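Visitor: Pasting the sequence and an experimental structure:
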Amino acid sequence: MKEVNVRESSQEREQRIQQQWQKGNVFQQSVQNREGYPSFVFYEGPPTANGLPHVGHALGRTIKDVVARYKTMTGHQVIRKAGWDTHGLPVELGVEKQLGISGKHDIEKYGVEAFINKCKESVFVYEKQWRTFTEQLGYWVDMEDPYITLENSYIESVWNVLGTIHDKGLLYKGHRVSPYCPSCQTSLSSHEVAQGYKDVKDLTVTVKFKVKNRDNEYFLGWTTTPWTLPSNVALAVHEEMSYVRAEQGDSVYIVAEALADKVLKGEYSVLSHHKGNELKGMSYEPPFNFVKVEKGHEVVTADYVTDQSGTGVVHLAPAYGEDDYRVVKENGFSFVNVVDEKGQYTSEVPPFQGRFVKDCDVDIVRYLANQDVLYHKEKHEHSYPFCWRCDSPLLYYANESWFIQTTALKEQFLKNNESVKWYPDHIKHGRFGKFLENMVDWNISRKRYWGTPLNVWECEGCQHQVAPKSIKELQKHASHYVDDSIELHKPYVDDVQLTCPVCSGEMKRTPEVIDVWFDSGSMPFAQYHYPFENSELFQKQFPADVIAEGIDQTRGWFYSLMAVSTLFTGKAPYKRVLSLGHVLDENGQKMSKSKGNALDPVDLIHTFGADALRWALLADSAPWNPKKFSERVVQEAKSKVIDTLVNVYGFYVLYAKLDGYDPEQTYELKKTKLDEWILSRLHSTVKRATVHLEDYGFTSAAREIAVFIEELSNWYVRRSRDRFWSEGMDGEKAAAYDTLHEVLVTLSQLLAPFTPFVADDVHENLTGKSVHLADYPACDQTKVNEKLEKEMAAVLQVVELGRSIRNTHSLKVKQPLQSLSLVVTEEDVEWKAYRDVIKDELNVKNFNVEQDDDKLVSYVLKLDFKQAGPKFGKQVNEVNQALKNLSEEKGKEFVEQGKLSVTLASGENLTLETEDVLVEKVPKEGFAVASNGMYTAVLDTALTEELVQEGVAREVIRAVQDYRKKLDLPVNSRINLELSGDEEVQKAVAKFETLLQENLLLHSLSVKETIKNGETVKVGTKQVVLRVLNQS
Ligand SMILES: CC[C@H](C)[C@H](N)C(=O)NS(=O)(=O)NC[C@H]1O[C@@H](n2cnc3c(N)ncnc32)[C@H](O)[C@@H]1O
Ligand SMILES: [Zn+2]
Ligand SMILES: [Zn+2]
């Protein structure tokens, strides 16, 4: 083993370990060495290369590393291939800002290829930043040969999946009302929409729709979206609902019967009743006539019309509502649209053309009043969908899109999810399962530029569709030569046309790219270029035994993985999911670069070490709920846990070298009880840490290890230092080194998944072998001693109570005290075995175990004025004083009898009730008490001259020992000590001459009045002059 003497920062140690890992190919070796062992299949969720990693990203990569390292150590091969997510809106928008452009028209002007090249350059920059962060965090994952979603082979596998889905009839094009982002100018999927809901307040209005062929009669139409009123095509009523013609003032209003009293306020008179199907076909005047409707402006039956809210007459705009689209289509009414692709009014609405529709709500209300059609308005507090990338409010907008028909396999989705073990369990049928139950088809087409091109070609002539699964299939169908090096991106694939197998017409590729979530969802198949390559490796690497990503992937990678695999293979792509709560700042606020509360994990790693950051991320709280985090928690992990291990390790190395201990040599071992206890704690920790890790309880396993590390340092090492400090390799010293060597090797093995850097530094130096090539240690039950653990835990509690008393009464432990008495209710612990430990640790001359406190306490008596006030009147203070004057035995009698008589000054005898007296139990004179209920410790705090003088002699002994170290004197030489001090020091040194001589290797001791050029030292509150000569 090598020394740990030269001061090394945490960063320097981890850099040294990192280089050791590189030179030895330890990561690669930890995989290859498990060839033929059972597989544990792990999929890396690919980080989006559109920004810098923050400390929240360190949680998931820490947990994935713990799992992979642990499963490797317990006898599994864990292949770890990194991945980078590089397509889609999350990349495009950031690049647009870098370029100072915005929107699809600006991208066309900039140039599609030039824009895409900028995207490629940006993702490459971010990949390197993420790679460096991952390496310094110690998350072993192959970033030399990662999968990358922009790579041609990866895209080809995605094409093969999409082509296979198309073969089944599950990829189709349709004109549907879909959630739509007016800024990004594209439809969005249902999982993307679920990620962007925000509470808003807007206006729902009731508008009068004047009935044609009548007078003073208006329908009361209702809508939550005033901006859709110019596009009105029909009014919807329920067929079997009852409506009333109600007269108010000079007008008559048609409204639902159950809502009339709410809608019509002040005064009305119901004239007639009508069913919903009776009102069918009645024409009316639209609130706006800017747009011309060919067929419409009538009343139709819709089954979804409710009488619970609104008026029972619902304004329908077919282009901006799925129900509205369906009902208008059924009744053959003309479809109309008044909005461009940017969410702005077209020329068909003159007064508002070129304005965002949701910003016209206030002006629409005023226009409604001016036409005298407005009848009511109210505020609507509800959730509304916003774009998960650009924060623009969404619209529901009729649009031609491509869909993956996920609903066709909904039953298979639920069955696959039912096979998955979720952490936390509630996600399975909660956040994730509920999303499966409300499944709609997956809108995958994005009218964008940077992404996986949707590989569907349509014949211009007969609309036949061809979906090439590969470059070879693309080449086979193309009407022109297609080079083998064709890049599977826009615009290169848009220059490829096919010959239609049906009519020989020209086939053109649909222009869209696909949802970025499909790319990552395809990684089980695309990361190995399946089925074109690595068919056998893929089969061994499917399904995954676990994945671990943030909770937002329930609307992300968790869903897209499940959907792609279910549509493609029918099978669940994973057996087990760790759904991780998000890291927040120290205030509980979400982490963001804009908010400035996103800590840099690289700075934390540089300052405190990755081992400390990882430990704090694992041990401070559980990973399943939102997590408050701070630099302070990392600092505490470094000083309390990481530094403590390093110091114990450095202590062992220094004294093992000095004493020439050799773990390969065989010694006669005199194992002590403290050796047995720490070994029992070691293997009990091994057992309980393994049990938690087997159930992915990282926090509980970490906390268990931290407890053991505290016991190892604060108790085992601290109390065993003499056996390392002593000279000569006796049986006890050899046992100490043997015990500590086993603890350090096994503990570092335990810690290897958690704190990989320091664990290897200890283990490799002690054994010559990397800890990460080792097996996870097994619990040796023969070294577990449950009784010994139980007693030492009781001893620690007693020592803690004793220290508490000493601190409370300002009695420093260096000052010996006469006795500690322990009151125990039961003879559970063999206290005789720990007498020397308790007396040493508390510095008491005597340790006595008592069954009760009768010899240690007394009773004083007072009067309960709230209970005995009226009974004695003006004599209450005389009786209360009478109780306080009673002797110790009188109080002892009262607590046993419960009845008491007090004789007042006049001789008047009075009787005291049990509840009239307040009883106080006090320790006997000179004693002090602390109790935890189970144990009552009674300490004699009374000081004698002999006790004080012994304390002075102890202080003299320590002062001399400190002065010897300052002079670099040999530990073997005997010294001539000269000492000067006042009479109290002189008397103490004289009286305890034997004690001084036993603890100091003194050739002679001279007490002088004055010392020439002496060293003044501070012994207690006194100053003592020392001077050391050497025997000549
Ligand atoms: C599995 C990854 C997806 C396919 C996608 N590329 C993506 O979300 N990429 S990411 O880089 O934005 N996310 C990386 C991982 O970090 C999690 N995460 C993101 N933000 C936080 C946060 N504040 N606290 C904790 N974890 C967080 C993501 O869920 C993902 O696991
Ligand atoms: Zn958007
Ligand atoms: Zn054709």
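Guide: Received it, and whenever you're ready, just let me know what you need. Numbering: from 1, shown residues only. Ligands and ions are numbered 1, 2, ... in the order given.
Visitor: who touches the helix or strand harbouring residue 798?
Guide: According to DSSP states H and E, residue 798 maps onto helix 786-808. For helix 786-808, contacts defined as Cβ atoms under 8 Å, 6 or more residues apart in numbering pick out 673, 676-677, 680-681, 684, 715, 811-813, 817, 820, 822, 828-830, 833-834, 837-838, 841-842, 844, 928-932, 934-935, 937, 939, 941. Bear in mind the C-beta positions are built from the backbone N, C-alpha and C, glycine included.
Visitor: just the buried members of the residues you listed?
Guide: Buried by 16 or more other Cβ atoms under 10 Å: 676-677, 680-681, 684, 715, 811, 817, 820, 822, 829, 834, 837-838, 841-842, 844, 928-930, 935, 937, 939, 941, out of the contacts of helix 786-808.
Visitor: Now go through these and say which are in helices.
Guide: Secondary structure defined by DSSP state H assigns 676-677, 680-681, 684, 837-838, 841-842 of the buried ones among the contacts of helix 786-808 to helices.
Visitor: can the residues you listed go into a markdown table with extra columns for distance to residue 418?
Guide: Formatted as a markdown table, those follow (distance: Cβ to Cβ, whole Å):
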| residue | distance to residue 418 |
| --- | --- |
| 676 | 49 |
| 677 | 48 |
| 680 | 43 |
| 681 | 42 |
| 684 | 37 |
| 837 | 56 |
| 838 | 58 |
| 841 | 57 |
| 842 | 60 |
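Visitor: just these now: which is nearest residue 575?
Guide: residue 684 (30.8 Å; Cβ to Cβ).
Visitor: what sits against the closest one?
Guide: 779, 784, 789.
Visitor: ok, now how distant is residue 789 from residue 701?
Guide: Using Cβ to Cβ, to the nearest Å, one obtains 18 Å as the distance from residue 789 to residue 701.
Visitor: out of the two, which sits in the busier spot?
Guide: residue 701 (26 against 16; other Cβ atoms under 10 Å).
Visitor: which residues sit in contact with the more buried one?
Guide: Neighbouring residues of residue 701 by Cβ under 8 Å, 6+ apart: 688-690, 692-693.
Visitor: ok, back up a step: list the buried residues of the helix holding residue 798.
Guide: For helix 786-808, burial by neighbour count (16+ other Cβ under 10 Å) applies to 788-789, 791-792, 794-795, 798-799, 801-802, 805-806.
Visitor: okay, the angle between that helix and helix 835-842?
Guide: Calculated by axes from the mean of the first three to the mean of the last three Cα atoms, to 10 degrees, helix 786-808 forms an angle of 30 degrees with helix 835-842.
Visitor: does ligand 1 sit close to stretch 53-68?
Guide: Yes - on the criterion Cβ under 6 Å from any ligand atom, stretch 53-68 is in touch with ligand 1 at 56-57, 59-60.
Visitor: Among the residues you listed, name the ones in strands.
Guide: Assigned to strands by DSSP state E, none of these qualify.
Visitor: Tell me the one among the residues you listed nearest to ligand 1.
Guide: Nearest to ligand 1 among these: residue 56, at 2.7 Å, using Cβ to the nearest ligand atom.
Visitor: Would you mind measuring from the closest residue to the closest one other than its chain neighbours to residue 739?
Guide: Counting by Cβ to Cβ, 6 or more residues apart in numbering, residue 583 is the residue found nearest to residue 56 once chain neighbours are left out, at 3.7 Å. According to Cβ to Cβ, residue 583 stands 39 Å off from residue 739.
Visitor: got a list of contacts for stretch 739-748?
Guide: Residues outside stretch 739-748 that contact it (Cβ under 8 Å, 6+ apart) are 645, 648-649, 652, 656, 661, 663, 671, 675, 678-679, 682, 686, 705, 708-709, 712, 716-717, 720, 758-760, 762-763, 766-767, 771, 777.
Visitor: what do you get for stretch 911-929?
Guide: For stretch 911-929, the surrounding residues in contact (Cβ under 8 Å, 6+ apart) are 805, 808-809, 821, 855-864, 867-868, 871, 879, 883, 891, 894-895, 898-902, 936-942.
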